[PDB]
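I have placed the structure first, in the form of structure tokens, so that the comments after it can refer back to it.
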Number of protein chains: 4
Amino acid sequence: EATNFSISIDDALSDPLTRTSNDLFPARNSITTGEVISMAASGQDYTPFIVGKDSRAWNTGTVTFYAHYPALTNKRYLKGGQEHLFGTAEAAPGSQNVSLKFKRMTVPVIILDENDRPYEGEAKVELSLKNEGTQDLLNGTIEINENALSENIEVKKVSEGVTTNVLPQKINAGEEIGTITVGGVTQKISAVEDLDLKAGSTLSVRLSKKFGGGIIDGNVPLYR
Amino acid sequence: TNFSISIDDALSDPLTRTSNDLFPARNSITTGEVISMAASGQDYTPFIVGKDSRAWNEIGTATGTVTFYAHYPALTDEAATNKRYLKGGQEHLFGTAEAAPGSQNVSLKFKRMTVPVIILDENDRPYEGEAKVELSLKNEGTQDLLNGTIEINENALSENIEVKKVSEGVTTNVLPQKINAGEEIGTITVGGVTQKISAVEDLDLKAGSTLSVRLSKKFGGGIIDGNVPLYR
Amino acid sequence: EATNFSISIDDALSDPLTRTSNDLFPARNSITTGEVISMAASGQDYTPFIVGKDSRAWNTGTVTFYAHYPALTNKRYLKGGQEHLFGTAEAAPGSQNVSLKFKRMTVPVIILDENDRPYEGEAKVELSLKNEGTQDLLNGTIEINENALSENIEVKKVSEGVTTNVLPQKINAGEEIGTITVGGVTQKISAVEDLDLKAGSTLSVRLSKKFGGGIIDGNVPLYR
Amino acid sequence: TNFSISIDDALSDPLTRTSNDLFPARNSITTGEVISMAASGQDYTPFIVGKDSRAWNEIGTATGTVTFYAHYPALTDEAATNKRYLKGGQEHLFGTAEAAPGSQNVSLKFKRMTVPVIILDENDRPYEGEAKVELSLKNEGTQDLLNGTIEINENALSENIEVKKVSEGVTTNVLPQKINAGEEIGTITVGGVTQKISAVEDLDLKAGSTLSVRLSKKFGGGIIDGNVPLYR
Ligand SMILES: [Cl-]
Ligand SMILES: [Cl-]
Ligand SMILES: [Zn+2]
Ligand SMILES: [Zn+2]
Ligand SMILES: [Zn+2]
Ligand SMILES: [Zn+2]
Ligand SMILES: [Zn+2]
Ligand SMILES: [Zn+2]
Ligand SMILES: [Zn+2]
Ligand SMILES: [Zn+2]
Ligand SMILES: [Zn+2]
Ligand SMILES: [Zn+2]
Ligand SMILES: [Zn+2]
Ligand SMILES: [Zn+2]
Ligand SMILES: [Zn+2]
Ligand SMILES: [Zn+2]
Ligand SMILES: [Zn+2]
Ligand SMILES: [Zn+2]
Ligand SMILES: [Zn+2]
Ligand SMILES: [Zn+2]
């Protein structure tokens with residue numbers, strides 16, 4: 001039975017069959033020592049907490065904690081670009097450590113070359129999506145403003161040291177949301193399938209000449 | 001004493017699209033077309049559709065109900081008498097019927113054993129331009145003469161097959177085979193300029209399947225896809 | 001060049017690879033001779049028209065027609081149950097016949113047995129879905145009231161002579177929307193996959209004991 | 001002069017789940033475990049992981065870069081010297097490495113060639129109850145000793161295989177094969193009462209695949225599915 005407790009950054013449990021954005025980008029890698037989170041025990045205002053440095057006083061049975069990363073500056077207005085994470089924990093008072101299981105509420109975007117390797121090159125990759133929404137401060141959920149206009153968002157490469165995150169929204173199959181510009185020449189990049197993006201989702205931009213003229217599709221029925 | 005034949009289509013689930021929907025068997029096997037037909041345990045003999053009538057004695061050692069089997073187009077004299085080698089291009093249909101001796105009409109339910117290929121524009125409408133569309137697929141296989149099933153020669157090399165437009169009035173049929181996701185099987189040539197057309201997903205083609213080539217500039221620089229995992 | 005024109009009931013062009021509810025239930029079978037539709041040429045109020053009986057006076061170049069089936073009694077409030085169809089045509093004045101291409105704006109529900117044959121039996125099949133929405137009178141589109149509560153809708157068999165139609169809405173994978181009652185014993189029927197239902201969509205209820213204990217699922221990756 | 005071995009996992013696309021994610025090769029091939037390892041064009045010889053070191057002479061006729069191949073569990077003395085027959089249950093891993101002679105460490109990238117089976121409750125959490133879960137699948141195949149690939153015997157009959165829970169500390173592995181949609185392959189028995197567990201979709205299982213058995217009462221009376229066609 002400890003007086004104060006420390007915080008550790010863990011990930012929410014992923015789909016056994018599908019990779020989550022937490023599988024691709026652990027919460028530990030974003031929320032490192034010295035990073036500030038907004039934390040609260042159920043029914044308390046969010047207060048800043050410095051990860052790997054701060055401790056909090058244990059002042060029944062089990063306590064539920066809630067955390068936002070980055071720290072907060074009810075619901076709030078939000079924009080895309082910077083990732084937004086929401087964590088929860090259930091701990092017993094007196095525990096030395098409290099493990100927050102984070103979930104990424106925004107959607108990271110990765111650029112891959114033809115061989116699924118991370119793209120490094122001079123081409124500019126942009127997406128035209130809704131970039132304004134509302135976040136629920138109690139459960140972390142982001143919902144796009146349906147009245148919002150689609151905006152051009154540039155997608156960053158791994159060498160840029162920041163991952164472009166978009167707000168959760170539905171992308172329709174064949175929706176021409178993307179563009180690739182290389183030497184003042186633009187080409188379209190579209191979704192092949194319907195993507196109803198949510199917390200834990202990842203978006204991949206796959207560059208190639210494989211579908212230059214169009215696509216091959218088909219059905220596989222079964223006769224009786 | 002004798003029975004007539006009617007050309008019908010084999011069923012699938014009520015919600016599933018079959019190539020029969022787009023290309024009904026009755027549109028291929030018209031009056032004057034010849035099929036190889038046999039009763040179970042008997043040899044395939046020619047039958048002229050919309051003209052011939054068959055005697056109810058030609059049923060083998062069947063009693064109560066007779067099962068008929070038919071190939072379209074008709075077989076060679078050697079194949080009419082287990083398996084045969086086949087190539088792509090021309091469609092191959094296999095039909096079955098269950099009838100009681102004495103019935104005036106016998107409805108043959110045809111399955112399409114090959115896979116038709118349709119060229120569509122960006123809006124799913126039949127492409128009508130002057131661009132050349134080709135596919136690089138395996139074009140040799142074996143057909144089971146008793147159930148109509150075609151299985152590709154895995155040792156076969158992929159060959160270039162030109163795809164006909166809807167207006168050409170003949171549908172390019174390919175043999176059932178697996179096409180892998182991202183497999184660069186297609187090409188579109190227009191004014192000595194070629195572009196690639198690839199599969200977006202795995203397609204394990206079988207009888208009743210249809211293949212669509214959907215031309216557009218939508219994926220000039222690549223594709224957007226992603227994961228939507230569920231938190232159960 | 002004709003003075004008056006007759007109307008013919010056709011279907012909107014379907015997805016070459018997927019069966020539409022028009023493929024399952026042609027518009028011709030619903031809108032038979034003697035059935036009344038609300039029709040208008042672009043920029044005119046909808047007026048009743050008796051199919052296979054009425055004719056209309058041709059009083060530039062091409063005319064666009066719009067039609068609702070059943071007839072109307074801007075936007076309007078709608079409920080599930082009875083199917084709702086919306087048709088359009090582009091015709092040249094003087095044409096003897098005008099072919100309306102209809103699209104089903106509601107979603108039919110079919111009950112199938114284990115062998116995909118139409119279910120005839122004594123079991124009661126119900127769905128718990130939103131049953132109130134709004135229809136666009138200019139394009140036929142139905143959008144569910146998000147504030148609406150889910151209601152129990154009984155699903156009809158083919159012998160009942162009426163097809164249960166639901167309003168377009170998203171059904172999530174594993175959503176326990178269905179129930180089957182046979183001899184005062186109820187069982188759950190859930191969606192296996194995400195279904196973002198729209199005009200042209202069909203819903204199938206497949207009864208069996210195949211998934212009594214649960215389901216088998218898996219992934220098929222590809223190593224580099 | 002000598003090199004050590006490290007157990008790593010083979011890669012797939014950054015967005016795809018492999019069985020390696022859930023079951024890392026390093027958790028199976030621990031210190032003291034024996035693997036059959038060979039340099040290209042040479043015989044498989046045993047190697048004790050976390051203990052042995054191999055001489056840089058055992059590389060065949062390679063120069064510049066050497067390719068290594070490894071089997072886990074280790075092969076029989078006859079298989080160490082083209083193909084072998086295999087059964088389900090115990091997992092089978094195949095690793096490769098490309099190294100330059102003189103390197104102090106060689107990292108073997110293991111692929112899982114068999115398919116692990118996990119039992120989950122309604123919420124994707126590992127099932128911990130007393131119910132018996134069985135699958136009826138083909139349990140005999142052939143493995144390629146040069147690339148690790150397992151291909152099922154199509155002539156094989158389906159056999160009942162009991163599935164172990166996560167707590168049992170041994171994972172039931174099945175051989176790669178196609179499972180058809182609606183195929184009633186599974187059974188759950190609890191208190192002498194059996195229920196069926198079937199596949200909802202076609203699963204053409206291969207190396208790196210995982211199979212999940214998700215128990216619930218959600219589909220007691222059947223399933224809701226449907227079509228959402230697009231009007232392009
Ligand atoms: Cl059918
Ligand atoms: Cl990987
Ligand atoms: Zn963790
Ligand atoms: Zn932000
Ligand atoms: Zn790839
Ligand atoms: Zn390429
Ligand atoms: Zn598809
Ligand atoms: Zn032929
Ligand atoms: Zn050839
Ligand atoms: Zn376009
Ligand atoms: Zn995909
Ligand atoms: Zn029509
Ligand atoms: Zn109504
Ligand atoms: Zn079925
Ligand atoms: Zn059954
Ligand atoms: Zn799945
Ligand atoms: Zn074994
Ligand atoms: Zn056996
Ligand atoms: Zn439940
Ligand atoms: Zn399905």
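Per chain, numbering begins at 1; letters A, B, ... match sequence-line order. Computed over heavy atoms, backbone and side chain alike; hydrogens, waters and symmetry mates excluded.
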| said: Any non-hydrogen side-chain atom of D:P116 less than 4.5 Å from a side-chain atom of D:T172? | reply: no

| Sub-4.5 Å side-chain heavy-atom contact between B:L205 and B:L175 | no

| field | Partner of D:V115 under side chain to side chain contact (heavy atoms under 4.5 Å, CB included), chosen from D:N173, D:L137, D:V174 | value | D:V174

| Polar contact flag, side-chain donor to acceptor under 3.5 angstrom, B:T210-B:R112 | no

| Just by modelled atom types, is the D:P24 backbone N or O under 3.5 Å from a matching donor or acceptor in the D:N27 side chain? | no

| task | Spell out, as yes or no, whether a donor-acceptor pair under 3.5 Å connects the side chain of D:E168 to the backbone of D:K165. | result | yes

| message | As an exercise, state the distance from OG of D:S28 to CD of D:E33, rounded to the nearest 0.5 Å. | response | 8.5 Å

| request: Decide yes or no for A:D217 and B:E201: does some side-chain heavy atom of the first lie under 4.5 Å from some side-chain heavy atom of the second? | output: no

| said: Restricting to non-hydrogen atoms, name the atom on A:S208 and the atom on A:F211 that form the minimum distance, rounded to 0.1 Å. | reply: OG-CD1, 4.3 Å

| said: Main chain of A:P221, side chain of A:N219: is a donor-acceptor contact present, judged purely on distance under 3.5 Å? | reply: no

| said: Would you say the ring centers of D:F94 and C:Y223 fall short of 6.0 Å from each other? | reply: no

| Would a distance-only check, ignoring hydrogens and angles, find a side-chain to backbone donor-acceptor pair under 3.5 Å from A:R224 to C:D116? | yes

| query | Side chains of D:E159 and D:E140: does their closest heavy-atom pair fall under 4.5 Å? | reply | yes

| message | So D:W56 and D:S103, do their side chains get closer than 4.5 Å, heavy atoms only? | response | yes

| query | Under 3.5 Å, is there a donor-acceptor pair between the side chain of B:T114 and the main chain of B:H92? | reply | yes

| said: Are D:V213 and D:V117 packed together at the side-chain level, in the sense that at least one heavy-atom pair is separated by less than 4.5 angstrom? | reply: yes

| What closest approach, in Å, do A:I216 and B:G186 show between heavy atoms, and which atom pair accounts for it? | CD1-N, 4.0 Å

| request: Verify side-chain contact (heavy atoms from CB on, under 4.5 Å) between D:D8 and D:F110, making sure each step is shown before the conclusion. | output: CA-CA 6 Å; D:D8 283 338; D:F110 281 89; over 6 Å; no

| query | Out of curiosity, C:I215 CD1 to D:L215 CG, how far, rounded to the nearest 0.5 Å? | reply | 10.0 Å

| said: Using a 3.5 Å distance criterion without hydrogens, assess whether the side chain of A:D113 forms a donor-acceptor pair with backbone atoms of A:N115. | reply: yes

| said: What I'd like to find out is whether the side chain of D:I118 reaches to under 4.5 Å of the side chain of D:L120, using heavy atoms alone. | reply: yes

| remark: Of all heavy-atom pairs linking D:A74 and D:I35, the shortest is CB-C, 4.2 Å

| field | Nearest-0.5 Å distance that lies between atom OG in D:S36 and atom CG in D:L145 | value | 9.5 Å

| Distance, nearest 0.5 Å, that separates CG of D:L15 from CG of A:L203 | 9.0 Å

| said: How close do D:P46 and D:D52 get, counting heavy atoms only, and between which atoms? | reply: O-OD2, 4.4 Å

| task | Check step by step if side-chain contact (heavy atoms from CB on, under 4.5 Å) holds for B:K83 and B:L146. | result | CA-CA 8 Å; B:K83 284 177 166 74; B:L146 279 46; over 6 Å; no

| message | Looking at B:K111 and B:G208, would you say the former's side chain and the latter's main chain have a donor-acceptor pair under 3.5 Å? | response | no

| Test item: D:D144 side-chain N/O and D:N147 main-chain N/O as donor-acceptor pair under 3.5 Å | yes

| Considering all heavy atoms, the nearest D:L22-A:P16 contact | CD1-O, 3.6 Å

| request: Start with the C-alpha gap between D:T142 and D:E151, add the side-chain angles, then the distance that decides, and say whether side-chain contact (heavy atoms from CB on, under 4.5 Å) holds. | output: CA-CA 5 Å; D:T142 299; D:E151 165 60 42; 5.6 Å; no

| query | Are C:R206 and B:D13 close enough, and set up right, to give a salt bridge (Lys or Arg N to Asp or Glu O under 4.0 Å), and what steps lead you there? | reply | CA-CA 11 Å; C:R206 299 167 182 275; B:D13 178 86; 2.7 Å; yes

| Verdict with supporting geometry, B:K206 and B:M113, side-chain contact (heavy atoms from CB on, under 4.5 Å) | CA-CA 7 Å; B:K206 299 285 168 73; B:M113 315 311 295; over 6 Å; no

| B:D202 side chain to B:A181 main-chain N or O, any donor-acceptor pair under 3.5 Å? | yes

| said: Tell me every residue that passes salt bridge (charged side-chain N to carboxylate O under 4.0 Å, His left out) with D:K109, counting only those two or more places apart in sequence or in another chain. | reply: none

| task | Please examine the side chains of D:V166 and D:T171, heavy atoms only from C-beta on, and report whether any two atoms are closer than 4.5 Å. | result | no

| Exercise: identify the closest heavy-atom pair between D:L108 and D:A97 | CD2-CB, 3.9 Å

| query | Any side-chain donor-acceptor pair under 3.5 Å between D:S6 and D:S107? | reply | yes

| message | Quick check for you: to the nearest 0.5 Å, what is the distance between D:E154 atom CD and D:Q177 atom CD? | response | 8.5 Å

| OG of D:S209 to CZ of D:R17: how many Å apart, nearest 0.5 Å? | 13.0 Å

| message | Tell me if a side-chain donor or acceptor on B:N160 pairs with a main-chain N or O of B:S136 at a distance below 3.5 Å. | response | no

| salt bridge (charged side-chain N to carboxylate O under 4.0 Å, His left out) involving B:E184 - partner list, sequence neighbours excluded | A:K210, B:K196

| query | Between the side chains of D:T67 and D:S40, does any donor sit under 3.5 Å from an acceptor? | reply | no

